[PDB]
Every structure is written in C-alpha cells, then in structure tokens.
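Coming up are structure 1 and structure 2: the same protein chain in two forms, each one given alone as structure tokens.
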Structure 1
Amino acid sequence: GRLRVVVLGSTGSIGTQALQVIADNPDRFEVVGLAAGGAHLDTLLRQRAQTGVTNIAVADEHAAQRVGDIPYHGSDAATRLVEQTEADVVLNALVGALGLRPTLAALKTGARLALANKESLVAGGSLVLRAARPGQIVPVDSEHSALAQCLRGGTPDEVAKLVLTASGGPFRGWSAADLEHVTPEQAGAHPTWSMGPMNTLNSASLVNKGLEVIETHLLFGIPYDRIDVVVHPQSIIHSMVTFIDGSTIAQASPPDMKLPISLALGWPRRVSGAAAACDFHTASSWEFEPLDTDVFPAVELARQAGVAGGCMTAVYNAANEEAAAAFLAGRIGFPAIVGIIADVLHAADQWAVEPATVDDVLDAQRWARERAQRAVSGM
C-alpha cells in the first residue's frame, strides 16, 4: 500500500532527492508534511504549490512572516509538525542540532524514522537509542544502507566484522609531509550549491568516516573492535559484512543517493527503478587499500570516543565542527583539525556520563566548542 511520508529538511540535497523518488512512485508514497529552515523559503513555497501539501513548517520566525499562512513556524516548528501529523514514515534530513528533537518526537509517534540527520545518533546517542524500538530507525546514507542490506546474509549471531568503505578523499595516499601543505581549496572548499561546505572537508579529513563508524555501532549494535574501514577509491562497493564462516557479503552500485534514499523510505521493500545497476558489459576494477592510521587517525579517534560513551561522541563531533571551520578560515593547518579533536577529546572524560536530557547533550557540545576554540587561538 501507500506510505504517508513527512519530509523534514525538504529543501536540502537528501530531501529534494527524496521528493523526486516520491514523485516517481505515487503508488508507493504520499507526502503529508514538509519542514524547512527558511533560508530557502522560496523553494518550500514552490514545493507547497507543486505538491499541494499545505502542512508545512518553517523554523525561522523572520522568514515565516513573509508568508502569513504557514501552520507551523518558530524554533520547534518541525517537532510540532511531527507531533501532529499522521504519518507512516518520517524522513529526517535536517542539518545538525535541529534534527535531534524532531528525531525524538518521530520515534514517540511510532512512525518509521528514515534517518539522514547525523547529529541524532552521533550527539544524541543513548537518548535516541532508549527512545527507538527495534527496526524503527532505517539509515539513509549509502554506507549504512549497504550494511543493512548485507546483514540479511545471516543471523545477528553470525556476524564477525562490519567493513565500511571510504573513498579515501583527495589526499588518499598522501604522506604526513604532504598534508602540511593542504589548502582549503584542495580540501574541497568551493561554494557548491546543494551540499554543505563541511561535507567535502569531513570526507578529506576522514572525520566523516569516523562519524559513520559511530553511527554503525549505534545502528547495528556491533562492537567498535569489529567495525573496520577500507579505502575503496571507486565508491562502487558501499560497505560489506564478514560472517563467522569466512563469507563476505557486499553491496555494490554506481554512486547515486536515490538508491539508499528509496530503500530507507520503502524499507524493507525495494523501489523498482530507483537507480542504475552496475554494468558489466564494460571492463572495470574495484580496488581496496588500507587506511594509513598514522597519517589519518580520525577513525581510531572516533572509536576511542565511541567506546568511552555517554556524550564523548558529541564532543568528538563538536570539536570537529570548530576545528574544521578554523581550517577553512585559515586559522590552522589541515593536520591540526584531527590534532585538535584528539586534544579536546583527551580532556573530555567528564562527558563520558550518559545524558538524561537534550540539554545535557547541548552542554557537552558547548564545552567541546569552547575547548576547541582555545586550542585554535592559543588560549
């Protein structure tokens, strides 16, 4: 039958791609809610006109006053929309901190949560896990989507290892000496139109992969010592699972986010024609190589944060956001990003306590941000 879908973050890359999948598949999906920030208010208003969906939310009060007929407006607009809208699936594609409360509200309604928002798991951790019931959260990103599919290859008890693939970034194979010279431009600083400026840099620094490893632990309940990373420059294999008998099951497709988005929306049922398949009529190779963890320690650091638990992964991520922004601003060199994360993390053991509230998560993030600022400035 038809799934009723709420799209939170409807004007970003994931949300707009999801709306395309939904427009292509009216027999499978109907939009019953849209939420956005207000920075792209014009897009949201066009979406209302196009879909006919009037059940919309705008977070920015200032933006909302340009309109006069938006039912949900102001800081917790998305949350209130989620609380009051009958839906089968909530796609949470909101950015950063504003994803957390709508995640918690989505879980409470009993809807399936198709989760793109990284902060919900990386920062919210045990708050989100204690709120979700088994199978409720379906991951939207390609690696986690790949893992969910490969885990079908056996029972939970038959799993030996999860292996996430990583592109390796623009500096794959670079030495420590090479990294010293890295400029914001080289590391992917471009005013690109849809994605965020952090995404390309987090890829380059291996911090993105670190974040994906944390999310993997929380999504699938696999110990950190059983979550490996391999560099795979083609990004065709999106991740793999090794079972206790020696068998490895991998998911492969040409890079296209409509695949994992369509599957998250329809889970557990695949959406016919979502993406193009691998074509073996032409010759290709799929290459694998180890990550040099001496040059790129961001994943080791993520495992350290994850094992410590509580709010430590919130600290990891907040330290990154601050350090990464300082590098793009010319305040630090490239290797200093992960260097500052390590230094902030090693001072952060007070945050190993489990959060009781969203406010507790916010407090850890505040401390981490300030601590990282002090590291950058020399204070």
Structure 2
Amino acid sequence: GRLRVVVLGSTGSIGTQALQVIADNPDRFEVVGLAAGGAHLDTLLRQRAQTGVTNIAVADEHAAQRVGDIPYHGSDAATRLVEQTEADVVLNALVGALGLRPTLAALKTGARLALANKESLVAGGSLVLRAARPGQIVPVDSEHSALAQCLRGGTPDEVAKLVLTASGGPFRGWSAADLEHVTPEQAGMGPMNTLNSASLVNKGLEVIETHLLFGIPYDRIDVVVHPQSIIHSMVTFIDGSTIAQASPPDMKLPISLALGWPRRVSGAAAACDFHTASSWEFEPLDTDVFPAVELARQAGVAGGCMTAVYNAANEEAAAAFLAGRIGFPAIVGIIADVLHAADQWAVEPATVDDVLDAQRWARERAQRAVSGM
C-alpha cells in the first residue's frame, strides 16, 4: 500500500525534507527515483546509500561521469527518468523553468504531480493544464497547499475570494530610494526563491500559480502582507466566512500533504502553540514600491505564453543582480520592459516548443534591457 515516489531536485532544501518525510513514513511512502543537477554529489551519494535507490538522474555530464554508473545523464536526464520509472507520485522540486519538461512528462504518465517547481506551471500555462486530469497537480508551495485545504470549507460556487499571504521579504516597509542600495547578500531555501521573496516576484509567480491551479479569476485573487508567515493563505466564501490555514513555518507540512493527498500525515510538523502569546499581523502590500505582483497579474490576464515571458525575464534579471551587474530595483524594471514589448506571446502555446520560443525571446530581450544599463 506504499506510494512510489520519484523525487526530482533531491539534494535541495525541499528534496531532502521530502526524503525525511518518506523515511519517517515507510508504510506510506517509498522512494523509487532521484534526480539532481550534480552540484552536490556528496549529498546525492548519501541519498543513494540510505534509500538504496540507484535509479538516478544527474543533469551535469561531467558530474555524472565523476560518480560513474548514473543511468540517466545530461540535460534531458530528469525527463527520461520520469518517462521510464513506474511511480504513483512525482515530486518536482527542481528550480526554474527547466522543470518544464519533467512536469509535462510526469503528468503524461498519470502519476500525481506534487509540484514545488511553480515555474514549470507558470511557464507552461494552458499547455501544462491540458496535460493534467483534474486534481493531478497537488501543490507543495505553502500558500497553495493552504488554499487547497481551505477550499474544503465550501463548494466551488461558494468561493468569493482567495487570499494569498506574503511575508513581505526583508525590505517590507522600505522606500523606493531605500531599495536602490540593496546588495545581493541582503537579498540572500535556495538563492533564487530567497531573492524572489525579497523582490516580490515570488508572490507574482504564486498569483499566476493560484489562477492556474484553482481556476479563479485574477481579480478574485487578493494578496496581503503577513510578516509572521503563520497564516499561509485563506479563502473567503460568499456568506462572509473566511477559512484560513495556519502553522509554524515548516515545509514538511505541505510536502507531506502533497505526497499523500488527500490523507494527512501524522506528526509531519509542529502545530501552532496557543499556550504562549502571539500575534498574527496583516498589512496591505505597497504596490508602488513593489509592483511585481501587479506585473504578474498583467502577464496572467494576457495569458498564453506571457507568463513564460514574465518568469524568463525574471530569471535573467535576477542572475544579473546576483552577479552585481544591475541594482535591485532593476529586476522588476527589466520584467516590465520585457513584458511591454511581448505583444506576440499572448497566443496560447500548442507545443512545448511554443513555450521555449517565448522564453528564448524573453531571455534575449532581458539581456538587451541589461545592456542598456
């Protein structure tokens, strides 16, 4: 009665926490596949020995060579592993839009896709949705996990609004002028999600992720700043009732629920402790200073390949910021500049190649924007 789990991005934060959840629950879960990029071979070798899984994908050819005997190696390794491994659940914890092909392959096998890699859904859009049956994608992202639990509070016709909470990042309350001086070390889960959290681009991706997972119109997806990150998101129903999910921050909770959906996993995470005092605070997002969420809505409403453009433009601008080439406020400046030139990408993708064409265009246009700074 064990679920067979493929873990993509096994050596990262989410991947190792997932392996820990699986280790703690041998009656429910069994690891049958691992994929990693090759930057952390030490961790990967330990994972092979501990799980006893030799069914492994390594993206970097040289790193795979150095290990020896890796059955899937090279840029398509993770995808081929998914295509050729019998599984009940695929956990996609890869980072970036490179998770796109493994997401599509996972869905095509019929397995539950436990999705941490929000970018593959954001980029893929209707192409990823067409590949999925209803409920096949189960969110690992903490907010979306919370939304899915809260939606149990009523029927679909009773949903008024979905309320996505945001930490606000380290620069919550900072002025536009304050942001000009943000260093990479200040804006630094992995380096991409840490940065995306600080810039609010993560929240923008999550608005798009919300629309795609739950089919709710953009004008019914609210974002509220909640610095404590105890409330992970909420749903407001048509009678005025709001149902919210709360827990001390710990990704093992949403990971555990996504792997075993619909069944909750005993002891996954610590519960809220109401025997000590606390406060849960809410404030509006300053959209003038942090316009990334609004840009995401604009990209989402345009639809088609525009969400792929939004993400791809961020990936390049973020890389440039982390390399010390542009200032912090330039990240979202570049995204806006790219999106506003992106007329032709409103068309719905027919194939993966359409998405890849949009991203290719977006990366080039982002470089052009960087070149002008």
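If you superpose the two forms and keep the largest set of C-alpha atoms that fall within 1.5 Å, you have the rigid core. Sequence positions of structure 1, starting at 1, serve as the residue numbers.
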Can you tell which residue in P233, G153, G309, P71 has its CA shifted by 2 Å or more between structures 1 and 2 when the core is superposed? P71
When the rigid core is used for the superposition, does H40 move between structures 1 and 2 (threshold: C-alpha shift of 2 Å or more)? yes
After the core is matched up, is the C-alpha of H62 off by 2 Å or more between structures 1 and 2? yes
Can you give the CA shift of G96 between structures 1 and 2, in Å, with the two forms fit on their core? 2.0
Keeping the rigid core superposed, can you check how far the CA atom of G52 moves between structures 1 and 2, in angstrom? 1.3
